[PDB]
Each structure stands twice: as structure tokens, then as C-alpha cells.
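Colleague: I'd like to ask you about the structure that follows.
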There are 2 protein chains.
Amino acid sequence: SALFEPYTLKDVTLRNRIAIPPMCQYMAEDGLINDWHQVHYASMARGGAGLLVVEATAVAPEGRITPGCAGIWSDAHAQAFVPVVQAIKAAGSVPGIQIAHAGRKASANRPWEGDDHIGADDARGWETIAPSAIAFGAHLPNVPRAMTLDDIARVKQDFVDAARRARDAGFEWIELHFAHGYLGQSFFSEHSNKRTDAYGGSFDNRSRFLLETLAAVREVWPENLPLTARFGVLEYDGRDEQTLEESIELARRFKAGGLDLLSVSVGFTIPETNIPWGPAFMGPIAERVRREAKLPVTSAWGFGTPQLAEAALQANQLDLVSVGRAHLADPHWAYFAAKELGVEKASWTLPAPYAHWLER
Amino acid sequence: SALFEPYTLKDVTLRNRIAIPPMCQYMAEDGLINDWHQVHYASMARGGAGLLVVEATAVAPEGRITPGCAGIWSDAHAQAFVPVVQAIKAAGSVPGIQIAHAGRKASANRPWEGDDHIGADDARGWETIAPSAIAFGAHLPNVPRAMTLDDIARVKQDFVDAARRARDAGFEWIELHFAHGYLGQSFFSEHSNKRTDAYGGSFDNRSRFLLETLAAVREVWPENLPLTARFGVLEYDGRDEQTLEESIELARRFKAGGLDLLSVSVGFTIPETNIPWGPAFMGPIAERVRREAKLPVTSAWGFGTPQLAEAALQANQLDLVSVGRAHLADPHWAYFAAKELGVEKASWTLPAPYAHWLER
Ligand SMILES: Cc1cc2nc3c(=O)[nH]c(=O)nc-3n(C[C@H](O)[C@H](O)[C@H](O)COP(=O)(O)O)c2cc1C
Ligand SMILES: Cc1cc2nc3c(=O)[nH]c(=O)nc-3n(C[C@H](O)[C@H](O)[C@H](O)COP(=O)(O)O)c2cc1C
Ligand SMILES: CCOC(=O)/C(=N\O)C(=O)CC
Ligand SMILES: CCOC(=O)/C(=N\O)C(=O)CC
Ligand SMILES: CCOC(=O)/C(=N\O)C(=O)CC
Ligand SMILES: [Cl-]
Ligand SMILES: [Cl-]
């Protein structure tokens, strides 16, 4: 089974090709994770996945999506991740973390508490920042403040500090969150970036924030640990061919800048889109990015059955299959996939106190 | 669905009829549980089961099965359980504990490390005790030391102390381990009990250790929390009709002694048996105990599919369905069962950070 072959990138070896992608839990308080996260992450790591990327973790307080989002904007915030790192490693999985800034989608309610922008009367909210003073729309109507040059320098340094803290906390894999309509994605997209300075307009200028942030993080992130990013390569906004071509060129510049793997996603920059949701629907797009930019990739959004994950690897569409919601349903999903694909000694995907009895 | 109806016993209300039976993890050190257990138990409790009975926990060091077994023979051992108790409760499940003494089956290797009696050359072994100096045989050939009346008094007091410690740790449900061929079962069975004093021979005498231990525990266990026991009611040794009749009479005496629920199991007192393993094969035996002793029951050993669990409840065979190995495979099995049985808003079997996404 291709799904259960190990994968080596820089000095890190994953025991299989199953990655748990970042999934916000909305259970932190003042950015600090707690017993929710400790058990959540440890249980999934014991389930057998080879890589576990911790949820979007804000580089600055205003970069959280919600009041429940994790943060890493202080050393004390970073130290709270140490037992999560330890538990993931103890289970034989590789600990990664996604560092993030929500941009104009920030200051929102938890998804089961309205999922919309916090009203201006509500003291839980905060002012959001973005390349330009333009609202997402729909359920996110708040207009962000357009960033100053000093804001751009500060946020870049916040990403550096977050990567420094993630390194010192023992993470072995980092993912810059440049996707899903948050700050980095919104610098790249012409929908959201109307700047007239060095950070908007041309392709070079719209790329600048992402390339400079990658370069700044590269200075503090160890050479021997994978440096990755998530990036929305099309929007399904009727501009897909032109957008994909530009996104793939940016991926080439990421590779020149030391990026080791690209998590290929959808932009979600604006609500006026027509996304063709379906099983493994990102497969062909990830394959094109992988082949044309000559960069290893992962993707998600419907690969969460064992046969779909296996097929995507054999078709050379992905190097790692990211399986999200199936791991919320069943934290031992990797063991379920091993059984379904007929792996030999499939129960030993799990630690001995489970594996011994499930082999029978 | 009957499986998802709440259940009230004394002052305790379980949110459904799914119980997780005690399952030894063999991961403790010198009786102290650790982060293996913390994550293991918290994850299963978040999975939705209404009751979680913690694994066989030894009332005395020589009452462990293996060097990996949990213990509660000191106050420090009991304090180690407090975070487990509190995590189970935080998940909305009810924390129980089975307190145990392995008798002649003690001083054994972990199941994935030979599963047999520890060799006399090995620095990990200890002297075992039992009603009579007779070995189990097979992979457990060590001859135990026959208990004196002083030993009987001491072991009873060890159960009392363990119950008091479980109470102060916050457990809301206790199970005395009188099953599976360990100390309590071995006093009841004529196979292992050849005593000639007040604790062997007649039915009254063979029952005496179990009834006296129950009565001693009842003095310190709160009247408003369920007091239960697990008991092997037959052996599949060619003596089943007489043995089950005696076992059911003992259940009547347990009820008169204040027992609130019986976990009905197989004796496993000797190796020379022919157990007819099959799906829900204990159903009819548990039904007979429940009806004839007029006492609530649970049972296990093959009820771990949603339809079998539902059928057993609808047939009035059980009051709670214990589902063990299926929760090792999938800590969220209760959610899987709610989906299979078509429960309304089945995903909200799980906490919101999972439920919100699995609904859609
Ligand atoms: C609860 C939840 C939280 C998510 N949080 C993040 C996140 O923090 N960062 C991110 O890039 N994507 C996030 N996403 C997207 C997932 O990483 C993934 O792409 C998505 O679940 C699709 O994969 P799946 O079909 O296997 O679930 C989240 C998705 C869910 C359901
Ligand atoms: C790993 C494991 C540990 C067990 N530990 C205990 C125990 O500590 N006490 C006990 O009474 N039974 C124990 N048993 C029996 C279970 O409680 C249960 O009766 C058995 O797993 C059958 O139910 P199932 O078919 O749902 O797995 C254990 C079983 C397993 C597989
Ligand atoms: C078809 C709709 O496209 C738009 O008007 C747009 N950007 O171009 C926005 O949504 C602003 C948030
Ligand atoms: C619209 C797609 O957005 C996501 O997948 C997501 N949460 O749902 C994140 O990226 C949180 C940082
Ligand atoms: C074969 C019957 O014995 C059991 O189920 C068991 N572990 O497997 C225990 O009771 C541990 C105390
Ligand atoms: Cl751990
Ligand atoms: Cl429930």
C-alpha cells in the first residue's frame, strides 16, 4: 500500500503518507491551549497518522479568527505547546504546526456560535487588518483597516517570532498559512489587494508579502526541518486558468526560496465562487501544481476514504494525503485505513495496548 | 433508540446505555498511572459513552496481574487517578473504577510480552496468594500460597481502603472484580477452593469471602453511588446448569447485601473449558441472571456492533451494554453507534469542536 510507505523530507521521516491537516478547535483562551488540545492531539497521534499539523496558530492576537483560536505570540504561549509536541512524538508521529494570521476574516464568532463577524457592540471583538480596506462580505461584513508599511514589517516579524518559538518548542515541521482568504492569501489576490505601493498591483508586488515572509522565516527555521506553506491556487471565481498559472509561478518562486512542500488548497478569498465539491476533487489540481512547479504537495477536501487516498498517491497526484474530518470522527482513522487496504499486521498501526487485542 | 436512553441508578444518571468495561492497559509503573492512561480515558469519554469503568486496579501490590497494572494501595496511587476522574466528568461521562486482586493469576508478563507467569529468575516477580495452593496450570503454572484467616482479613481491609480512596478521588461508580478467575472468583469455584475452614466447602462457605468483602466495602462506599460487582456466573466446564444456579443464588445474596448492578461474565477459573464464543453469546445468560435475581445487569464479549447492542436492550437482556475492544479500535465508537442507529443529531454525541463539522 502506497498510503503506508514512509516519506522522508529534509531530516524528517514520516512512518506513512497520512497527514492530519491543521484543524482549528476554537477551544483556546487568550491564545493558550489547554486540556482540550492535549487529549485531542495525543489521541489522533496514537491513531497512527505519520504527520500531525497542529491547527492555525495566530502570530499576533488580532490574527486569531475567533476568541477561541490558539496563539503563539509570546514565549509563554509557545511553552504551552511543549506537552503537545511531546505527546505527538511519543506516539511515533511527527509534530507540525501551522502559523497564521486571519487578516480580514478575523474577529469572528466560533462556528457553532454564529460563525459571523463579531458585532461592533460586542467587547469580544477587535479591529482587523488587511492589504486594503475592503470587506469579505456575506457573514464577514466588517471592513478591515489597510495595513501600513510598519504593520507589514511588524506582521513579518511576528511570523519570524512564531517560527522561532515553534522551533524551540520542538516542532519538526512548519506550515505558513497563506491560504483560505486570510492575510497571506489576501495579499496575493487581486480581489482583496488594491494597494498602490510595493505590496500591490503587479504579480511581483502581490507576491512580495508572501515571499518576504517566507524569506524571513527561513532565516530562523532550521535547514534540516521541512519548511512548508498552504496556498490557495485557484478561487473557482471564473478566472481559474489565469489564477492557476500565476499561483504555479509563485510556487516556483517559493521553491527557489527554500520551500520544501506545498499544501495545495482553494483560495476562499471572496464568497462569490462556485466550488465543485466532490470526492478528491482537488486531485488533478494538486497533480498539476506538483508536476509543473516540481515541488512535493499535499491536499485535502475529500480524500478521507482509504481507496481515494491510495489512488491519489499511486496516480502521483500527492506525496502526502491530508485527512481531516475523518480524524475528528475517528482518531484512529489511520488504523481503519490500514485494515481497509489490507496492510499486514494492520492493528500494529496502533500502540501495543490496543494492537495486541485488535490483531486478536 | 434504546441504546441512547439515559439510565439512573442511585444518584447517578448516565447519558446513554453504552458502558466502557474495565480494560487493563499494562502501562502503569509501580502501580502509578501516567499520560498513557490520561489520554486513553479522556479520549474515550469524549467519544460519548455514558459510563467509563477504569481498568482493574489492584488493592495491594501482589494483587496486580503484571508489573504494568494500575494500583490504588496507597494515597499517592489514588491521587494519580484524580485527573482521570475529572477528565471523564468534563467529557460528560460517568467515571467508575474496578478494584481487583488477581489471586493466583498474578505475577505475570504483559500479554504482548509472553502473557505467562514471570520466571523465578526474573527480578519483577512476586509471591501470589489464593484460597488454596493449587496452580491454574497452562501458561500460569506458579503455585500460589494458600491464604490464612489473617490474609483474608487483610485483603478485605485492602478492598475497603481502595473503595475509600476511589470515593475521595471522585469516582461515582465502583465495581468489585469477582470475575475471570482472580481472587474473588477463585474463592467461589470448587475448582480452586479446597479450603476446609469457614471459607470453603459449602455454598455458604465459598460465598463467604465475596459477601464479606462486599459488606465491608458497603460500609465506606456512599449509599447514593452505585455499588456493583463483576462475577463469572458459569465456566463452560460441563457443570454449567448447577454452576449457574449457584451463581444466580449468590446474585440474590449480593442484592440483599446492597449491590445495585451485576456485571455478568464468564468465570475463567481453569483452562479446561469450551467457551462458545460468538456475537452477543452472553445475552441469554445475562437475561436469566437479571430476571431470576431481579437485579440490573450489564454484560460484554461480543455486543460491539450497534444493532446487537440495541437488540439486547430491547429484549430486556441487559440494562447497560458494555463495549470494550470496539472502543480500543475507535475511541468515538458511541458516535459511530448513534450514526448507525439513526439517532437524531448523531454527531452531537461528540463535543462541539467535532459535532459541528460532522453534522454537515
Ligand atoms: C474543524 C476544522 C478546522 C479547520 N481548521 C483549519 C486550519 O486551522 N487551517 C487550515 O489550513 N485549514 C483548516 N481547515 C481545513 C482542513 O485542514 C481540511 O482542508 C478540510 O477539513 C478538508 O479535508 P477533509 O475532507 O479530510 O476534512 C479546517 C477544517 C475543519 C473541518
Ligand atoms: C485489553 C483488555 C483489557 C481487559 N481488562 C479487563 C479488566 O481490567 N477487568 C475486567 O473485568 N475485564 C477486562 N477485560 C474484558 C473486557 O472488560 C470485556 O469483557 C471484553 O473486552 C469483552 O467485550 P468486547 O467484546 O466488547 O471487547 C479486558 C479485555 C481487554 C481486551
Ligand atoms: C463577483 C463578486 O466579485 C466582487 O465583487 C469582489 N471582488 O472582486 C468581492 O466580493 C469583494 C469582497
Ligand atoms: C474556508 C476554508 O477555511 C478553512 O478551511 C479554515 N477553517 O475552516 C482555516 O483555514 C482556519 C485557519
Ligand atoms: C479472560 C478474562 O480476563 C479478562 O477479561 C481480563 N483481562 O483480559 C481481566 O479481567 C483483567 C483484570
Ligand atoms: Cl502522551
Ligand atoms: Cl449520548
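Chain labels run A, B, ... following the order of the C-alpha cells; each chain numbers its residues from 1, and ligands are numbered from 1 in the order shown.
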Quick one: pick out all helix (DSSP H, G or I) residues within region 20-236 of chain B from a backbone DSSP run and write them as an MDAnalysis selection string.
Modeller: chainID B and resid 35:46 61:63 75:90 103:105 111:113 149:169 183:188 203:220
Colleague: For chain B against chain A, which residues fall within 10 Å using only C-alpha atoms, given as a PyMOL selection string?
Modeller: chain B and resi 23-27+35-36+38-44+46-47+87+90-91+110-112+325-333+335-336+347+350+352-358
Colleague: Sort by chain and increasing residue number a table of all residues of chain A within 7 Å of ligand 1, each with its closest pair of atoms and their distance in Å to one decimal, counting only C-alpha atoms and all ligand atoms, and write it as a Markdown table.
Modeller:
| residue | atom | partner | partner_atom_place_in_ligand_line | distance |
| --- | --- | --- | --- | --- |
| A:21 | CA | ligand 1 | 17 (O) | 4.5 |
| A:22 | CA | ligand 1 | 7 (C) | 4.4 |
| A:23 | CA | ligand 1 | 5 (N) | 3.1 |
| A:24 | CA | ligand 1 | 5 (N) | 3.9 |
| A:25 | CA | ligand 1 | 1 (C) | 6.1 |
| A:55 | CA | ligand 1 | 8 (O) | 4.1 |
| A:56 | CA | ligand 1 | 8 (O) | 3.8 |
| A:98 | CA | ligand 1 | 9 (N) | 6.9 |
| A:177 | CA | ligand 1 | 11 (O) | 6.2 |
| A:179 | CA | ligand 1 | 11 (O) | 6.6 |
| A:180 | CA | ligand 1 | 11 (O) | 6.9 |
| A:230 | CA | ligand 1 | 11 (O) | 6.5 |
| A:300 | CA | ligand 1 | 23 (O) | 4.3 |
| A:301 | CA | ligand 1 | 22 (C) | 3.5 |
| A:302 | CA | ligand 1 | 25 (O) | 3.9 |
| A:303 | CA | ligand 1 | 26 (O) | 5.8 |
| A:304 | CA | ligand 1 | 26 (O) | 5.0 |
| A:322 | CA | ligand 1 | 26 (O) | 6.1 |
| A:323 | CA | ligand 1 | 26 (O) | 3.8 |
| A:324 | CA | ligand 1 | 26 (O) | 3.6 |
| A:325 | CA | ligand 1 | 27 (O) | 3.7 |
| A:326 | CA | ligand 1 | 26 (O) | 6.1 |
Colleague: Produce a file of the selected residues containing N, CA and C atoms, as a compact mmCIF listing (two decimals), in the first residue's frame.
Modeller:
# COMPACT_ATOMS: atom_id res chain seq x y z
N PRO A 21 -4.23 17.35 8.64
CA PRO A 21 -4.04 18.76 8.33
C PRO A 21 -4.46 19.63 9.50
N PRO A 22 -4.06 20.90 9.51
CA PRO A 22 -4.46 21.78 10.62
C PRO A 22 -5.97 21.91 10.70
N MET A 23 -6.51 21.73 11.92
CA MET A 23 -7.95 21.87 12.16
C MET A 23 -8.18 22.64 13.45
N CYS A 24 -8.53 23.92 13.32
CA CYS A 24 -8.92 24.77 14.43
C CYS A 24 -9.94 24.09 15.32
N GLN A 25 -9.71 24.18 16.63
CA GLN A 25 -10.58 23.61 17.65
C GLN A 25 -11.43 24.65 18.37
N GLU A 55 -3.35 22.91 14.43
CA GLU A 55 -4.25 23.95 13.93
C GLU A 55 -3.60 25.32 13.76
N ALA A 56 -4.19 26.14 12.89
CA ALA A 56 -3.81 27.54 12.69
C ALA A 56 -3.59 28.24 14.02
N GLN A 98 0.88 24.91 12.00
CA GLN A 98 0.53 25.94 11.04
C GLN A 98 0.47 27.28 11.76
N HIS A 177 0.55 29.74 6.82
CA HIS A 177 -0.84 29.71 6.36
C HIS A 177 -1.08 30.83 5.36
N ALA A 179 -3.28 30.54 2.83
CA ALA A 179 -4.44 30.07 2.06
C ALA A 179 -5.74 30.56 2.70
N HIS A 180 -6.86 30.21 2.06
CA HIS A 180 -8.19 30.27 2.65
C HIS A 180 -8.65 31.70 2.96
N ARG A 230 0.75 26.48 3.12
CA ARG A 230 -0.53 26.19 2.49
C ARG A 230 -0.92 27.40 1.65
N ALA A 300 -6.28 18.13 0.39
CA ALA A 300 -7.34 17.65 1.27
C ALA A 300 -8.66 17.89 0.56
N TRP A 301 -9.76 17.86 1.33
CA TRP A 301 -11.10 18.21 0.87
C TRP A 301 -11.70 17.04 0.11
N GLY A 302 -11.83 15.91 0.78
CA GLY A 302 -12.50 14.76 0.22
C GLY A 302 -11.62 13.57 -0.14
N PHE A 303 -10.42 13.45 0.42
CA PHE A 303 -9.61 12.25 0.25
C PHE A 303 -9.80 11.26 1.39
N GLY A 304 -10.74 11.52 2.30
CA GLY A 304 -10.88 10.75 3.52
C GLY A 304 -11.58 9.41 3.44
N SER A 322 -3.77 14.44 3.08
CA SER A 322 -4.29 15.07 4.30
C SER A 322 -5.73 14.64 4.52
N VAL A 323 -6.01 14.11 5.71
CA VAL A 323 -7.30 13.53 6.06
C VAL A 323 -7.74 14.21 7.35
N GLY A 324 -8.70 15.12 7.24
CA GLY A 324 -9.12 15.97 8.34
C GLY A 324 -10.33 15.45 9.10
N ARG A 325 -11.53 15.69 8.56
CA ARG A 325 -12.75 15.40 9.31
C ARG A 325 -12.87 13.93 9.69
N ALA A 326 -12.35 13.02 8.86
CA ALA A 326 -12.41 11.61 9.23
C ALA A 326 -11.67 11.33 10.53
Colleague: With only C-alpha atoms and all ligand atoms counted, collect every polymer residue having an atom within 6 Å of ligand 7; state the result as a ChimeraX atom specification.
Modeller: /B:4,15-16,48,349
Colleague: With C-alpha atoms retained, export the selected residues as a JSON list (two decimals), in the first residue's frame.
Modeller:
[["chain", "number", "residue", "atom", "x", "y", "z"],
["B", 4, "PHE", "CA", -29.30, 6.15, 23.71],
["B", 15, "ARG", "CA", -26.50, 9.87, 29.31],
["B", 16, "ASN", "CA", -26.97, 6.58, 27.38],
["B", 48, "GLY", "CA", -19.80, 9.66, 24.00],
["B", 349, "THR", "CA", -22.83, 12.56, 20.65]]
Colleague: Considering only strand (DSSP E or B) as DSSP defines it on the backbone, what residues of region 130-195 of chain B qualify? List them as a VMD selection string.
Modeller: chain B and resid 130 137 140 145 to 146 174 to 178
Colleague: Limited to N, CA and C atoms, could you put the picked residues into a file as a PDB file, in the first residue's frame?
Modeller:
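Result went into selection_31.pdb, see below:
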ATOM      1  N   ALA B 130      -3.915 -17.176  47.176  1.00  0.00           N
ATOM      2  CA  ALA B 130      -5.152 -17.751  46.657  1.00  0.00           C
ATOM      3  C   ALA B 130      -5.839 -18.504  47.791  1.00  0.00           C
ATOM      4  N   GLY B 137      -2.421 -23.632  36.055  1.00  0.00           N
ATOM      5  CA  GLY B 137      -1.882 -24.505  35.035  1.00  0.00           C
ATOM      6  C   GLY B 137      -1.604 -23.749  33.753  1.00  0.00           C
ATOM      7  N   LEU B 140       0.166 -20.409  33.287  1.00  0.00           N
ATOM      8  CA  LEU B 140       0.223 -19.857  34.639  1.00  0.00           C
ATOM      9  C   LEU B 140       0.488 -20.990  35.626  1.00  0.00           C
ATOM     10  N   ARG B 145       0.406 -19.261  47.299  1.00  0.00           N
ATOM     11  CA  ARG B 145       0.384 -19.532  48.733  1.00  0.00           C
ATOM     12  C   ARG B 145      -1.058 -19.509  49.229  1.00  0.00           C
ATOM     13  N   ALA B 146      -1.463 -20.551  49.956  1.00  0.00           N
ATOM     14  CA  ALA B 146      -2.820 -20.594  50.492  1.00  0.00           C
ATOM     15  C   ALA B 146      -2.991 -19.549  51.590  1.00  0.00           C
ATOM     16  N   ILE B 174     -18.421   2.116  41.502  1.00  0.00           N
ATOM     17  CA  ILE B 174     -17.355   1.178  41.823  1.00  0.00           C
ATOM     18  C   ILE B 174     -17.785  -0.219  41.397  1.00  0.00           C
ATOM     19  N   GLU B 175     -16.817  -1.008  40.934  1.00  0.00           N
ATOM     20  CA  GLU B 175     -17.055  -2.396  40.550  1.00  0.00           C
ATOM     21  C   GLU B 175     -16.047  -3.279  41.265  1.00  0.00           C
ATOM     22  N   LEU B 176     -16.533  -4.210  42.078  1.00  0.00           N
ATOM     23  CA  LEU B 176     -15.651  -5.192  42.697  1.00  0.00           C
ATOM     24  C   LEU B 176     -15.374  -6.318  41.708  1.00  0.00           C
ATOM     25  N   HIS B 177     -14.092  -6.628  41.484  1.00  0.00           N
ATOM     26  CA  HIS B 177     -13.729  -7.623  40.471  1.00  0.00           C
ATOM     27  C   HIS B 177     -13.774  -9.029  41.061  1.00  0.00           C
ATOM     28  N   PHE B 178     -14.955  -9.652  41.014  1.00  0.00           N
ATOM     29  CA  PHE B 178     -15.135 -11.025  41.478  1.00  0.00           C
ATOM     30  C   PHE B 178     -15.217 -12.018  40.323  1.00  0.00           C
TER      31      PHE B 178
END
Colleague: Residues up to 8 Å from ligand 3, counting only C-alpha atoms and all ligand atoms: could you list those as a list in words?
Modeller: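 After applying the 8 Å limit, what remains is residues 134, 135, 136, 137, 190, 191, 192, 237, 269, 270, 271, 272 and 273 of chain A.
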Colleague: To one decimal place, how far is CA of residue 288 (chain B) from CA of residue 193 (chain B) in Å?
Modeller: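 Distance between the two atoms: 25.9 Å.
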